[PDB]
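Visitor: Coordinates in start.cif, mmCIF, N, CA and C atoms and all ligand atoms, are listed below.
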```cif
data_target
loop_
_atom_site.label_atom_id
_atom_site.label_comp_id
_atom_site.auth_asym_id
_atom_site.auth_seq_id
_atom_site.Cartn_x
_atom_site.Cartn_y
_atom_site.Cartn_z
N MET A 116 0.79 -1.26 0.00
CA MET A 116 0.00 0.00 0.00
C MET A 116 0.81 1.30 0.00
N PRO A 117 2.12 1.24 -0.30
CA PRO A 117 2.98 0.11 -0.64
C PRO A 117 4.45 0.42 -0.33
N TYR A 118 4.74 0.93 0.87
CA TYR A 118 6.11 1.28 1.24
C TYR A 118 7.00 0.11 1.65
N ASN A 119 8.30 0.24 1.38
CA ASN A 119 9.27 -0.79 1.71
C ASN A 119 10.46 -0.28 2.52
N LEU A 120 10.69 -0.86 3.69
CA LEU A 120 11.82 -0.48 4.53
C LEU A 120 12.98 -1.42 4.24
N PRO A 121 14.04 -0.91 3.61
CA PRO A 121 15.18 -1.79 3.31
C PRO A 121 15.87 -2.24 4.60
N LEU A 122 16.27 -3.50 4.65
CA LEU A 122 16.96 -4.03 5.82
C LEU A 122 18.29 -4.62 5.35
N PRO A 123 19.27 -3.75 5.05
CA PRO A 123 20.59 -4.21 4.59
C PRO A 123 21.24 -5.10 5.65
N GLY A 124 21.63 -6.30 5.25
CA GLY A 124 22.25 -7.21 6.20
C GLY A 124 21.18 -8.11 6.80
N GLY A 125 19.93 -7.88 6.39
CA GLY A 125 18.82 -8.67 6.87
C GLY A 125 18.48 -8.49 8.34
N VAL A 126 17.63 -9.37 8.84
CA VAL A 126 17.20 -9.35 10.23
C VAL A 126 18.23 -10.06 11.10
N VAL A 127 18.46 -9.54 12.30
CA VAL A 127 19.42 -10.12 13.23
C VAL A 127 18.95 -9.89 14.66
N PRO A 128 19.28 -10.81 15.58
CA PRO A 128 18.87 -10.66 16.97
C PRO A 128 19.28 -9.29 17.53
N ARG A 129 18.45 -8.75 18.41
CA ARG A 129 18.70 -7.45 19.04
C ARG A 129 18.22 -6.28 18.18
N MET A 130 17.80 -6.57 16.95
CA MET A 130 17.31 -5.52 16.06
C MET A 130 15.92 -5.07 16.53
N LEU A 131 15.71 -3.76 16.59
CA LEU A 131 14.43 -3.20 17.00
C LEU A 131 13.91 -2.29 15.89
N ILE A 132 12.78 -2.67 15.30
CA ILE A 132 12.17 -1.91 14.22
C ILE A 132 10.97 -1.14 14.75
N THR A 133 10.90 0.15 14.42
CA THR A 133 9.79 0.98 14.87
C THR A 133 9.02 1.59 13.71
N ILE A 134 7.70 1.45 13.75
CA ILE A 134 6.85 1.99 12.71
C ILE A 134 5.84 2.91 13.37
N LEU A 135 5.82 4.17 12.96
CA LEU A 135 4.90 5.15 13.51
C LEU A 135 3.96 5.61 12.41
N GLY A 136 2.70 5.81 12.76
CA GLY A 136 1.73 6.26 11.79
C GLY A 136 0.37 6.44 12.41
N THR A 137 -0.62 6.67 11.56
CA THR A 137 -1.99 6.86 12.01
C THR A 137 -2.90 5.98 11.17
N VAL A 138 -3.79 5.24 11.82
CA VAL A 138 -4.70 4.38 11.10
C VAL A 138 -5.71 5.30 10.42
N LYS A 139 -6.03 5.02 9.17
CA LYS A 139 -6.98 5.84 8.43
C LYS A 139 -8.41 5.63 8.90
N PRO A 140 -9.29 6.59 8.62
CA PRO A 140 -10.68 6.44 9.04
C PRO A 140 -11.29 5.26 8.29
N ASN A 141 -12.20 4.54 8.94
CA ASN A 141 -12.86 3.40 8.32
C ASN A 141 -11.85 2.39 7.78
N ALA A 142 -10.75 2.22 8.50
CA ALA A 142 -9.70 1.30 8.09
C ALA A 142 -10.23 -0.12 7.98
N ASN A 143 -9.71 -0.88 7.03
CA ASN A 143 -10.13 -2.26 6.84
C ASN A 143 -8.99 -3.24 7.11
N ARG A 144 -7.77 -2.85 6.79
CA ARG A 144 -6.63 -3.73 7.01
C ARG A 144 -5.29 -3.01 7.12
N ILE A 145 -4.33 -3.71 7.73
CA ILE A 145 -2.97 -3.23 7.90
C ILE A 145 -2.10 -4.46 7.68
N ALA A 146 -0.90 -4.28 7.15
CA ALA A 146 -0.04 -5.43 6.92
C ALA A 146 1.43 -5.11 6.92
N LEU A 147 2.20 -5.96 7.59
CA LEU A 147 3.65 -5.83 7.63
C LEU A 147 4.11 -7.13 7.00
N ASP A 148 5.03 -7.04 6.04
CA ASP A 148 5.53 -8.22 5.36
C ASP A 148 7.05 -8.31 5.34
N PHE A 149 7.59 -9.14 6.23
CA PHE A 149 9.03 -9.35 6.29
C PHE A 149 9.30 -10.32 5.15
N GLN A 150 9.99 -9.83 4.14
CA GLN A 150 10.26 -10.63 2.96
C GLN A 150 11.66 -11.22 2.85
N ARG A 151 11.72 -12.42 2.29
CA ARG A 151 12.97 -13.14 2.04
C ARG A 151 12.78 -13.66 0.62
N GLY A 152 13.22 -12.87 -0.35
CA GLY A 152 13.05 -13.26 -1.74
C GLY A 152 11.57 -13.16 -2.05
N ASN A 153 10.97 -14.24 -2.52
CA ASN A 153 9.55 -14.22 -2.82
C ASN A 153 8.75 -14.76 -1.64
N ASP A 154 9.45 -15.26 -0.63
CA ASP A 154 8.79 -15.78 0.56
C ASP A 154 8.46 -14.62 1.48
N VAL A 155 7.53 -14.85 2.40
CA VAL A 155 7.16 -13.85 3.39
C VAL A 155 7.42 -14.53 4.73
N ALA A 156 8.59 -14.27 5.29
CA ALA A 156 9.00 -14.86 6.57
C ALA A 156 8.02 -14.59 7.70
N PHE A 157 7.52 -13.36 7.76
CA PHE A 157 6.59 -12.97 8.81
C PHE A 157 5.57 -11.96 8.28
N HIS A 158 4.32 -12.40 8.27
CA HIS A 158 3.18 -11.61 7.81
C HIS A 158 2.37 -11.25 9.07
N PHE A 159 2.23 -9.95 9.34
CA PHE A 159 1.49 -9.42 10.49
C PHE A 159 0.33 -8.67 9.84
N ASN A 160 -0.89 -9.21 9.97
CA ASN A 160 -2.05 -8.63 9.30
C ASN A 160 -3.29 -8.28 10.13
N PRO A 161 -3.34 -7.07 10.70
CA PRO A 161 -4.52 -6.70 11.49
C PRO A 161 -5.72 -6.55 10.55
N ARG A 162 -6.84 -7.18 10.90
CA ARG A 162 -8.06 -7.11 10.10
C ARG A 162 -9.18 -6.48 10.94
N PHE A 163 -9.68 -5.33 10.49
CA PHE A 163 -10.72 -4.61 11.22
C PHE A 163 -12.12 -5.20 11.15
N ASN A 164 -12.39 -6.04 10.16
CA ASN A 164 -13.72 -6.63 10.06
C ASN A 164 -13.77 -7.94 9.30
N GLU A 165 -13.65 -9.04 10.04
CA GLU A 165 -13.73 -10.37 9.45
C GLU A 165 -14.94 -11.00 10.12
N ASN A 166 -16.11 -10.79 9.52
CA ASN A 166 -17.36 -11.31 10.06
C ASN A 166 -17.63 -10.60 11.38
N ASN A 167 -17.56 -9.27 11.34
CA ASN A 167 -17.80 -8.42 12.50
C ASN A 167 -16.92 -8.74 13.70
N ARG A 168 -15.74 -9.29 13.42
CA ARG A 168 -14.77 -9.63 14.45
C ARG A 168 -13.45 -9.02 14.01
N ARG A 169 -12.75 -8.38 14.94
CA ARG A 169 -11.45 -7.80 14.62
C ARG A 169 -10.44 -8.86 15.02
N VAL A 170 -9.43 -9.08 14.17
CA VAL A 170 -8.43 -10.09 14.46
C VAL A 170 -7.10 -9.79 13.76
N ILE A 171 -6.00 -10.19 14.39
CA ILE A 171 -4.67 -10.00 13.81
C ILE A 171 -4.19 -11.37 13.34
N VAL A 172 -4.01 -11.51 12.03
CA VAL A 172 -3.56 -12.78 11.47
C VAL A 172 -2.09 -12.76 11.10
N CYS A 173 -1.35 -13.75 11.59
CA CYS A 173 0.07 -13.86 11.30
C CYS A 173 0.31 -15.19 10.60
N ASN A 174 1.23 -15.19 9.64
CA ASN A 174 1.55 -16.40 8.89
C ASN A 174 2.87 -16.21 8.16
N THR A 175 3.27 -17.24 7.43
CA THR A 175 4.50 -17.23 6.65
C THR A 175 4.15 -17.77 5.28
N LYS A 176 4.79 -17.25 4.24
CA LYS A 176 4.52 -17.74 2.90
C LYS A 176 5.80 -18.36 2.35
N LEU A 177 5.73 -19.65 2.02
CA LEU A 177 6.87 -20.38 1.48
C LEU A 177 6.53 -20.98 0.12
N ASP A 178 7.32 -20.64 -0.89
CA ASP A 178 7.10 -21.13 -2.25
C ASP A 178 5.66 -20.90 -2.71
N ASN A 179 5.18 -19.68 -2.49
CA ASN A 179 3.83 -19.27 -2.88
C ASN A 179 2.68 -19.91 -2.10
N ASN A 180 2.98 -20.52 -0.96
CA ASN A 180 1.95 -21.15 -0.15
C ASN A 180 1.92 -20.62 1.28
N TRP A 181 0.76 -20.12 1.71
CA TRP A 181 0.64 -19.62 3.07
C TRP A 181 0.61 -20.82 4.02
N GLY A 182 1.29 -20.69 5.15
CA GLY A 182 1.33 -21.78 6.11
C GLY A 182 0.22 -21.71 7.14
N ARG A 183 0.50 -22.23 8.32
CA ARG A 183 -0.43 -22.26 9.44
C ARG A 183 -0.62 -20.86 10.01
N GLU A 184 -1.85 -20.36 10.01
CA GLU A 184 -2.11 -19.03 10.53
C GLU A 184 -2.07 -19.01 12.06
N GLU A 185 -1.59 -17.90 12.60
CA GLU A 185 -1.54 -17.72 14.05
C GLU A 185 -2.38 -16.46 14.30
N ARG A 186 -3.55 -16.65 14.90
CA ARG A 186 -4.47 -15.54 15.17
C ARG A 186 -4.47 -15.01 16.60
N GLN A 187 -4.64 -13.70 16.71
CA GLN A 187 -4.66 -12.99 17.99
C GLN A 187 -5.88 -12.07 18.06
N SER A 188 -6.71 -12.23 19.09
CA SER A 188 -7.91 -11.42 19.25
C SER A 188 -7.64 -10.06 19.87
N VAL A 189 -6.59 -9.96 20.68
CA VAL A 189 -6.23 -8.68 21.28
C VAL A 189 -5.97 -7.77 20.08
N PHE A 190 -6.67 -6.64 20.03
CA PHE A 190 -6.57 -5.72 18.90
C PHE A 190 -6.52 -4.27 19.38
N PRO A 191 -5.30 -3.73 19.57
CA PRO A 191 -5.10 -2.35 20.05
C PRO A 191 -5.29 -1.21 19.04
N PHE A 192 -5.45 -1.54 17.76
CA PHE A 192 -5.62 -0.52 16.73
C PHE A 192 -7.04 0.04 16.67
N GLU A 193 -7.14 1.32 16.30
CA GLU A 193 -8.43 2.01 16.17
C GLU A 193 -8.37 2.97 14.99
N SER A 194 -9.43 2.99 14.18
CA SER A 194 -9.49 3.87 13.02
C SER A 194 -9.28 5.33 13.43
N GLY A 195 -8.47 6.04 12.66
CA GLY A 195 -8.21 7.44 12.93
C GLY A 195 -7.23 7.74 14.05
N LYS A 196 -6.78 6.72 14.77
CA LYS A 196 -5.86 6.94 15.87
C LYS A 196 -4.40 6.62 15.55
N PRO A 197 -3.47 7.40 16.11
CA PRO A 197 -2.05 7.16 15.86
C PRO A 197 -1.66 5.86 16.53
N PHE A 198 -0.57 5.26 16.06
CA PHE A 198 -0.11 4.00 16.62
C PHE A 198 1.39 3.91 16.53
N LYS A 199 1.95 2.96 17.26
CA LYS A 199 3.37 2.70 17.23
C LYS A 199 3.49 1.19 17.27
N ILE A 200 4.25 0.65 16.34
CA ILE A 200 4.47 -0.79 16.29
C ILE A 200 5.97 -0.99 16.44
N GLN A 201 6.36 -1.88 17.34
CA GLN A 201 7.76 -2.17 17.55
C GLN A 201 7.95 -3.66 17.36
N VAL A 202 8.91 -4.02 16.51
CA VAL A 202 9.21 -5.42 16.26
C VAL A 202 10.63 -5.67 16.72
N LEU A 203 10.78 -6.44 17.79
CA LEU A 203 12.09 -6.78 18.32
C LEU A 203 12.44 -8.18 17.85
N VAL A 204 13.63 -8.32 17.28
CA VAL A 204 14.07 -9.61 16.78
C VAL A 204 14.87 -10.39 17.82
N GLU A 205 14.44 -11.62 18.05
CA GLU A 205 15.09 -12.54 18.99
C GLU A 205 15.59 -13.70 18.13
N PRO A 206 16.55 -14.48 18.63
CA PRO A 206 17.04 -15.60 17.83
C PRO A 206 15.95 -16.63 17.48
N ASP A 207 14.94 -16.73 18.33
CA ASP A 207 13.87 -17.71 18.12
C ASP A 207 12.52 -17.14 17.70
N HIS A 208 12.34 -15.83 17.79
CA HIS A 208 11.05 -15.27 17.40
C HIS A 208 11.08 -13.77 17.19
N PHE A 209 9.98 -13.27 16.65
CA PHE A 209 9.77 -11.84 16.42
C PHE A 209 8.86 -11.43 17.57
N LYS A 210 9.24 -10.37 18.28
CA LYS A 210 8.44 -9.88 19.39
C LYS A 210 7.75 -8.60 18.92
N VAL A 211 6.42 -8.56 19.00
CA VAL A 211 5.67 -7.39 18.57
C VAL A 211 4.94 -6.66 19.70
N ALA A 212 5.19 -5.35 19.80
CA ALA A 212 4.53 -4.51 20.80
C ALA A 212 3.86 -3.35 20.08
N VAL A 213 2.67 -2.98 20.54
CA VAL A 213 1.94 -1.87 19.95
C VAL A 213 1.62 -0.86 21.05
N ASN A 214 1.87 0.41 20.75
CA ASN A 214 1.63 1.48 21.71
C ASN A 214 2.31 1.16 23.04
N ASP A 215 3.53 0.63 22.94
CA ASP A 215 4.35 0.28 24.09
C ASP A 215 3.91 -0.92 24.92
N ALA A 216 2.89 -1.65 24.47
CA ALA A 216 2.42 -2.82 25.21
C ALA A 216 2.66 -4.09 24.40
N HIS A 217 3.22 -5.12 25.04
CA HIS A 217 3.47 -6.37 24.33
C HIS A 217 2.18 -6.87 23.72
N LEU A 218 2.25 -7.32 22.48
CA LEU A 218 1.06 -7.81 21.80
C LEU A 218 1.15 -9.30 21.48
N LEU A 219 2.26 -9.71 20.87
CA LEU A 219 2.42 -11.10 20.50
C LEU A 219 3.83 -11.45 20.07
N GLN A 220 4.09 -12.74 19.94
CA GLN A 220 5.39 -13.20 19.48
C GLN A 220 5.14 -14.24 18.41
N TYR A 221 5.98 -14.24 17.39
CA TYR A 221 5.85 -15.17 16.28
C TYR A 221 7.18 -15.90 16.10
N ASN A 222 7.20 -17.21 16.36
CA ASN A 222 8.42 -17.99 16.21
C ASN A 222 8.87 -18.05 14.76
N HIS A 223 10.18 -17.94 14.55
CA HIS A 223 10.75 -17.98 13.21
C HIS A 223 10.49 -19.30 12.51
N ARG A 224 10.00 -19.23 11.28
CA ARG A 224 9.78 -20.43 10.47
C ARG A 224 10.90 -20.36 9.45
N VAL A 225 11.13 -19.16 8.93
CA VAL A 225 12.23 -18.92 8.00
C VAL A 225 13.43 -18.73 8.93
N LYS A 226 14.37 -19.67 8.88
CA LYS A 226 15.54 -19.66 9.76
C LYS A 226 16.70 -18.75 9.38
N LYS A 227 16.93 -18.56 8.08
CA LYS A 227 18.03 -17.70 7.63
C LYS A 227 17.64 -16.23 7.75
N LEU A 228 17.59 -15.74 8.98
CA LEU A 228 17.19 -14.36 9.25
C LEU A 228 17.96 -13.33 8.43
N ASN A 229 19.21 -13.64 8.11
CA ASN A 229 20.05 -12.74 7.33
C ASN A 229 19.52 -12.50 5.92
N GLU A 230 18.68 -13.40 5.41
CA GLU A 230 18.14 -13.24 4.06
C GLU A 230 16.83 -12.43 4.02
N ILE A 231 16.32 -12.03 5.18
CA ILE A 231 15.10 -11.22 5.23
C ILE A 231 15.56 -9.78 5.00
N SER A 232 15.64 -9.41 3.72
CA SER A 232 16.14 -8.11 3.28
C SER A 232 15.23 -6.89 3.30
N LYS A 233 13.94 -7.06 3.52
CA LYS A 233 13.07 -5.89 3.55
C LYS A 233 11.75 -6.11 4.24
N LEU A 234 11.19 -5.01 4.74
CA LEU A 234 9.92 -5.04 5.44
C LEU A 234 8.90 -4.21 4.67
N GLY A 235 7.90 -4.88 4.11
CA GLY A 235 6.87 -4.18 3.38
C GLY A 235 5.85 -3.65 4.37
N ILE A 236 5.41 -2.41 4.18
CA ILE A 236 4.43 -1.82 5.08
C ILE A 236 3.26 -1.33 4.25
N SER A 237 2.10 -1.93 4.44
CA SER A 237 0.93 -1.54 3.67
C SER A 237 -0.35 -1.55 4.48
N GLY A 238 -1.46 -1.25 3.82
CA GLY A 238 -2.73 -1.22 4.52
C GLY A 238 -3.28 0.19 4.66
N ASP A 239 -4.39 0.30 5.37
CA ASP A 239 -5.06 1.57 5.57
C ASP A 239 -4.46 2.43 6.68
N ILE A 240 -3.28 2.97 6.42
CA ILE A 240 -2.59 3.82 7.38
C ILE A 240 -1.85 4.96 6.69
N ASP A 241 -1.53 5.98 7.47
CA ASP A 241 -0.76 7.12 7.00
C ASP A 241 0.57 6.92 7.72
N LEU A 242 1.60 6.55 6.97
CA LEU A 242 2.91 6.28 7.54
C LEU A 242 3.75 7.51 7.84
N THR A 243 4.17 7.64 9.10
CA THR A 243 5.00 8.76 9.51
C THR A 243 6.47 8.38 9.34
N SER A 244 6.87 7.26 9.94
CA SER A 244 8.24 6.80 9.83
C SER A 244 8.40 5.30 10.07
N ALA A 245 9.49 4.76 9.53
CA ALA A 245 9.84 3.35 9.67
C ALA A 245 11.36 3.34 9.80
N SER A 246 11.86 2.84 10.92
CA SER A 246 13.30 2.81 11.14
C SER A 246 13.67 1.64 12.05
N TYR A 247 14.97 1.42 12.21
CA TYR A 247 15.45 0.33 13.04
C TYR A 247 16.76 0.69 13.74
N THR A 248 17.02 0.01 14.85
CA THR A 248 18.23 0.22 15.63
C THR A 248 18.55 -1.09 16.35
N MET A 249 19.65 -1.11 17.10
CA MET A 249 20.05 -2.29 17.85
C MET A 249 19.95 -1.99 19.35
N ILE A 250 19.45 -2.94 20.13
CA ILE A 250 19.34 -2.74 21.57
C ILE A 250 20.11 -3.81 22.33
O1 LIG A 301 -2.49 -16.20 6.38
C1 LIG A 301 -2.29 -14.88 5.89
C2 LIG A 301 -2.96 -14.74 4.52
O2 LIG A 301 -4.40 -14.98 4.66
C3 LIG A 301 -5.08 -14.87 3.36
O3 LIG A 301 -6.51 -15.11 3.50
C4 LIG A 301 -6.80 -16.46 3.96
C5 LIG A 301 -7.80 -16.36 5.13
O4 LIG A 301 -7.24 -15.60 6.20
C6 LIG A 301 -8.12 -17.79 5.61
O5 LIG A 301 -9.06 -17.74 6.70
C7 LIG A 301 -8.72 -18.58 4.43
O6 LIG A 301 -9.01 -19.90 4.87
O7 LIG A 301 -7.79 -18.64 3.31
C8 LIG A 301 -7.47 -17.30 2.82
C9 LIG A 301 -6.49 -17.42 1.63
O8 LIG A 301 -5.25 -17.96 2.06
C10 LIG A 301 -4.90 -13.44 2.78
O9 LIG A 301 -5.55 -13.34 1.50
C11 LIG A 301 -3.39 -13.17 2.61
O10 LIG A 301 -3.20 -11.85 2.09
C12 LIG A 301 -2.72 -13.29 3.99
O11 LIG A 301 -3.29 -12.34 4.90
#
```
Go ahead and render the structure in this file as structure tokens.
Ligand SMILES: OC[C@H]1O[C@@H](O[C@H]2[C@H](O)[C@@H](O)[C@H](O)O[C@@H]2CO)[C@H](O)[C@@H](O)[C@H]1O
Guide:
Amino acid sequence: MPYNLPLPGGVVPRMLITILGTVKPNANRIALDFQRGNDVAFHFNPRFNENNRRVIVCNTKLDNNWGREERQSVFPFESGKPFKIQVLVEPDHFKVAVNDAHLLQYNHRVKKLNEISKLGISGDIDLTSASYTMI
């Protein structure tokens, strides 16, 4: 939707990625796509209305096939409101916090973290900034 944050050197433990923005009015979806070639190592997809239920769907795409979805009902996003998403990389999983509160963790399926060269940021949001640092 369709911005891309380059991750030279790929993903590595201790890396902290921060995304700041504002959810658009009447938002329908948001998506973060950690890409490794044509695969999607980590797909973070907040859905504002899936049968009148809000849900965050996470999955991985390998060789054009989506794997086992990991769903989370806790949904801190709100249409028209600013947000902050922080993705902390651990050797065994991606740690996600929103508005400074832990939200979920997604265990790595794609093991070669170094090959995850970019983070796609899309969906119904107004992007302020996307950056990363080491902690
Ligand atoms: O898993 C992430 C992936 O989901 C796709 O939609 C799924 C839907 O969530 C699932 O309930 C249904 O059984 O199959 C659909 C197709 O795989 C999204 O289209 C895709 O963009 C990702 O969000």
Visitor: Centre and edge lengths of an axis-aligned box around all listed atoms of segment 141-149 of chain A, with 5 Å added on each side, are to be given in Å to one decimal, as AutoDock Vina command-line options.
Guide:
```
--center_x -1.8 --center_y -2.9 --center_z 7.0 --size_x 32.2 --size_y 24.9 --size_z 13.8
```
Visitor: Can you work out which one of A:208, A:226, A:183, A:233 has the shortest atom-to-atom distance to ligand LIG 301 (chain A), counting only N, CA and C atoms and all ligand atoms?
Guide: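 That would be A:183, the residue with the smallest distance to ligand LIG 301 (chain A).
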Visitor: Any residue with an atom at most 7 Å from ligand LIG 301 (chain A) counts, using only N, CA and C atoms and all ligand atoms. Which are they? Put them as a compact mmCIF listing (two decimals) with N, CA and C atoms, in the frame of the given file.
Guide:
```
# COMPACT_ATOMS: atom_id res chain seq x y z
N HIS A 158 4.32 -12.40 8.27
CA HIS A 158 3.18 -11.61 7.81
C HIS A 158 2.37 -11.25 9.07
N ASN A 160 -0.89 -9.21 9.97
CA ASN A 160 -2.05 -8.63 9.30
C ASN A 160 -3.29 -8.28 10.13
N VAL A 172 -4.01 -11.51 12.03
CA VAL A 172 -3.56 -12.78 11.47
C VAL A 172 -2.09 -12.76 11.10
N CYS A 173 -1.35 -13.75 11.59
CA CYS A 173 0.07 -13.86 11.30
C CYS A 173 0.31 -15.19 10.60
N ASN A 174 1.23 -15.19 9.64
CA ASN A 174 1.55 -16.40 8.89
C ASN A 174 2.87 -16.21 8.16
N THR A 175 3.27 -17.24 7.43
CA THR A 175 4.50 -17.23 6.65
C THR A 175 4.15 -17.77 5.28
N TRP A 181 0.76 -20.12 1.71
CA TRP A 181 0.64 -19.62 3.07
C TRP A 181 0.61 -20.82 4.02
N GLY A 182 1.29 -20.69 5.15
CA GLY A 182 1.33 -21.78 6.11
C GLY A 182 0.22 -21.71 7.14
N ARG A 183 0.50 -22.23 8.32
CA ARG A 183 -0.43 -22.26 9.44
C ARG A 183 -0.62 -20.86 10.01
N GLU A 184 -1.85 -20.36 10.01
CA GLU A 184 -2.11 -19.03 10.53
C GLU A 184 -2.07 -19.01 12.06
N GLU A 185 -1.59 -17.90 12.60
CA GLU A 185 -1.54 -17.72 14.05
C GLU A 185 -2.38 -16.46 14.30
```
Visitor: Residues of segment 130-206 of chain A within 5 Å of segment 237-245 of chain A: nearest atom pair and distance (Å, one decimal) for each, counting all atoms listed in the file, sorted by chain and number, as CSV?
Guide:
```
residue,atom,partner,partner_atom,distance
A:133,C,A:245,CA,4.5
A:134,CA,A:245,CA,4.5
A:135,C,A:243,N,3.9
A:136,CA,A:243,N,3.9
A:137,C,A:241,N,3.9
A:138,CA,A:240,CA,4.3
A:139,N,A:239,C,3.9
A:144,C,A:239,N,3.9
A:145,CA,A:238,CA,3.9
A:146,N,A:237,C,3.9
```
Visitor: State, in Å with one decimal place, the distance from atom C of residue 148 of chain A to atom CA of residue 166 of chain A.
Guide: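 Between atom C of residue 148 of chain A and atom CA of residue 166 of chain A the gap is 25.0 Å.
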Visitor: May I ask for the distance between atom CA of residue 189 of chain A and atom C of residue 247 of chain A, given in Å to one decimal place?
Guide: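 That distance, rounded to one decimal, is 25.9 Å.
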Visitor: Report, in Å to a single decimal, how far apart atom CA of residue 214 of chain A and atom CA of residue 126 of chain A are.
Guide: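 These atoms are spaced 22.2 Å apart.
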Visitor: Name the residues in contact with residue 162 of chain A at a cut-off of 5 Å, using only N, CA and C atoms, excluding same-chain residues fewer than 6 positions from it; report them as a PDB file with N, CA and C atoms, keeping the file's coordinate frame.
Guide:
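Dumped everything to around_36.pdb:
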```pdb
ATOM      1  N   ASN A 143      -9.710  -0.880   7.030  1.00  0.00           N
ATOM      2  CA  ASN A 143     -10.130  -2.260   6.840  1.00  0.00           C
ATOM      3  C   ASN A 143      -8.990  -3.240   7.110  1.00  0.00           C
ATOM      4  N   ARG A 144      -7.770  -2.850   6.790  1.00  0.00           N
ATOM      5  CA  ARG A 144      -6.630  -3.730   7.010  1.00  0.00           C
ATOM      6  C   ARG A 144      -5.290  -3.010   7.120  1.00  0.00           C
ATOM      7  N   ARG A 169     -12.750  -8.380  14.940  1.00  0.00           N
ATOM      8  CA  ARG A 169     -11.450  -7.800  14.620  1.00  0.00           C
ATOM      9  C   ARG A 169     -10.440  -8.860  15.020  1.00  0.00           C
ATOM     10  N   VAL A 170      -9.430  -9.080  14.170  1.00  0.00           N
ATOM     11  CA  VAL A 170      -8.430 -10.090  14.460  1.00  0.00           C
ATOM     12  C   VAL A 170      -7.100  -9.790  13.760  1.00  0.00           C
ATOM     13  N   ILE A 171      -6.000 -10.190  14.390  1.00  0.00           N
ATOM     14  CA  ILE A 171      -4.670 -10.000  13.810  1.00  0.00           C
ATOM     15  C   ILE A 171      -4.190 -11.370  13.340  1.00  0.00           C
TER      16      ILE A 171
END
```
Visitor: From the DSSP assignment of the backbone, select every residue of segment 118-247 of chain A that is strand (DSSP E or B), and format the answer as a ChimeraX atom specification.
Guide: /A:118-121,130-138,144-151,154-162,170-177,180-181,185-187,197-204,208-213,216-222,233-238,240-247
Visitor: Find the residue from A:147, A:116, A:202, A:130 that sits nearest to residue 220 of chain A; use only C-alpha atoms when measuring.
Guide: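 Of all the options, A:202 lies closest to residue 220 of chain A.
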Visitor: Go through A:141, A:248, A:119, A:229 one by one, measure the shortest atom-to-atom distance of each to residue 194 of chain A using only C-alpha atoms, and give the residue with the smallest value.
Guide: A:141
Visitor: Compile the contact shell of residue 205 of chain A as a list in words: residues with an atom at most 6 Å away, counting all atoms listed in the file, same-chain residues fewer than 2 positions apart removed.
Guide: residues 127, 128, 129, 203, 207, 208, 209 and 210 of chain A
Visitor: Write a file of the selected residues as an mmCIF file, in the frame of the given file, keeping N, CA and C atoms.
Guide:
```
data_model
loop_
_atom_site.group_PDB
_atom_site.id
_atom_site.type_symbol
_atom_site.label_atom_id
_atom_site.label_comp_id
_atom_site.auth_asym_id
_atom_site.auth_seq_id
_atom_site.Cartn_x
_atom_site.Cartn_y
_atom_site.Cartn_z
ATOM 1 N N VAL A 127 18.460 -9.540 12.300
ATOM 2 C CA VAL A 127 19.420 -10.120 13.230
ATOM 3 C C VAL A 127 18.950 -9.890 14.660
ATOM 4 N N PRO A 128 19.280 -10.810 15.580
ATOM 5 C CA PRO A 128 18.870 -10.660 16.970
ATOM 6 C C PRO A 128 19.280 -9.290 17.530
ATOM 7 N N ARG A 129 18.450 -8.750 18.410
ATOM 8 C CA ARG A 129 18.700 -7.450 19.040
ATOM 9 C C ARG A 129 18.220 -6.280 18.180
ATOM 10 N N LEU A 203 10.780 -6.440 17.790
ATOM 11 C CA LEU A 203 12.090 -6.780 18.320
ATOM 12 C C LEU A 203 12.440 -8.180 17.850
ATOM 13 N N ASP A 207 14.940 -16.730 18.330
ATOM 14 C CA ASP A 207 13.870 -17.710 18.120
ATOM 15 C C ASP A 207 12.520 -17.140 17.700
ATOM 16 N N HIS A 208 12.340 -15.830 17.790
ATOM 17 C CA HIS A 208 11.050 -15.270 17.400
ATOM 18 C C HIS A 208 11.080 -13.770 17.190
ATOM 19 N N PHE A 209 9.980 -13.270 16.650
ATOM 20 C CA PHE A 209 9.770 -11.840 16.420
ATOM 21 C C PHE A 209 8.860 -11.430 17.570
ATOM 22 N N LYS A 210 9.240 -10.370 18.280
ATOM 23 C CA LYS A 210 8.440 -9.880 19.390
ATOM 24 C C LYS A 210 7.750 -8.600 18.920
#
```
Visitor: Of the candidates A:249, A:140, A:211, A:228, which shows the shortest atom-to-atom distance to residue 152 of chain A, using only C-alpha atoms?
Guide: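 Of all the options, A:228 lies closest to residue 152 of chain A.
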